[PDB]
Amino acid sequence: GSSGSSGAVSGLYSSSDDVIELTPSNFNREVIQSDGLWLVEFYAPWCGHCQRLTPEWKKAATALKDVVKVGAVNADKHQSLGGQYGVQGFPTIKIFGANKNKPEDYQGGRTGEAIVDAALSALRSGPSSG
């Protein structure tokens, strides 16, 4: 052809929302290349509890939109990203800050509210103002 393009793929979330669609092609240029804080959640469009974390996760992405980059990786699809880290049971949230190569196991609340408080608490720890 002359010009290439892309199409809409499977995913409980959407670029429209505040959640950034993280993929095994930009995950690095999105998170690894983000001195700031990043919150990646490994969900599954085939699981239950996961599909119920769409609104909860999105909410946090809206508030932490400018605070903490809250993305989303389809463990089912990006099986490479999830496993590459150690994701076996979703939902599985991961915090990126100190070591972009080795995130922290998010234990805080998985609610749009809790997430907001979690992302912040972590942000402070980092020098990256904003």
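The rules behind these values
- Residues numbered from 1 in each chain as written, not as in the entry; some residues may be left out.
- Heavy atoms only, no water.
- Buried < 20%, exposed > 50% of the residue type's maximum accessible area, 1.4 Å probe, protein only.
- Helix = DSSP H or I, 4+ residues; strand = E, 2+ residues; numbered from the N terminus.
- Pairing = 2+ DSSP bridges.
- Right-handed = clockwise from strand over helix to strand, strands pointing away.
- Core = buried A, V, L, I, M, F, W, Y, C linked by side-chain atoms within 4.5 Å.
- Contact = heavy atoms within 4.5 Å.
- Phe/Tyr/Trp six-rings, centres within 6.5 Å; stacked < 30°, edge-to-face > 60°.

For this entry, the PDB record names solution NMR as the structure determination method.

Chemist: So what's going on with the pairing of strand β3 (residues 69-74)? Residues and values would help.
Modeler: Summarising burial for β3: five of the six residues are buried, a large majority. With two bridges connecting them, strand β1 (residues 20-21) and β3 associate as parallel partners. Looking across to β3, one finds that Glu 21 is bridged to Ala 72. By the bridge criterion, four bridges tie strand β2 (residues 38-43) to β3 in an arrangement that is parallel. Looking at β3, one finds that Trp 38 is bridged to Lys 69. The parallel pair β2 and β3, bridged by helix α2 (residues 54-63), forms a crossover whose chirality is right-handed.

Chemist: With reference to specific residues and values, describe the nonpolar core.
Modeler: Among the nonpolar cores identified, the biggest contains 35 residues, and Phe 27, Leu 39, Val 40, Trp 57 and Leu 64 are the most heavily contacted of them. Where this core is concerned, the elements lending two or more residues are α1 (27-32), β2, α2, β3, β4 (92-96) and α4 (112-125). The element contributing the most residues to this core is β2, with five residues. Leaving out residues up to four positions away in the same chain, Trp 57 has contacts with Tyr 13, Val 19, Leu 39, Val 40, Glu 41, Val 70, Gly 71, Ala 72, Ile 93 and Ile 115.

Chemist: Now, about the packing of aromatic side chains: what can you tell me, with residues and values included?
Modeler: One pass over the full model with this rule turns up six aromatic pairs. Aromatic pair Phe 42 and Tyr 85: ring centres 6.2 Å apart, planes at 45°, arrangement tilted. Of this pair, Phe 42 sits in strand β2 while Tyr 85 sits in helix α3 (residues 79-85); the two residues are 43 residues apart in sequence, bridging distant segments of the chain. Members of the aromatic cluster, connected to one another through ring pairs, are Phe 27, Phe 42, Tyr 85 and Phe 96.

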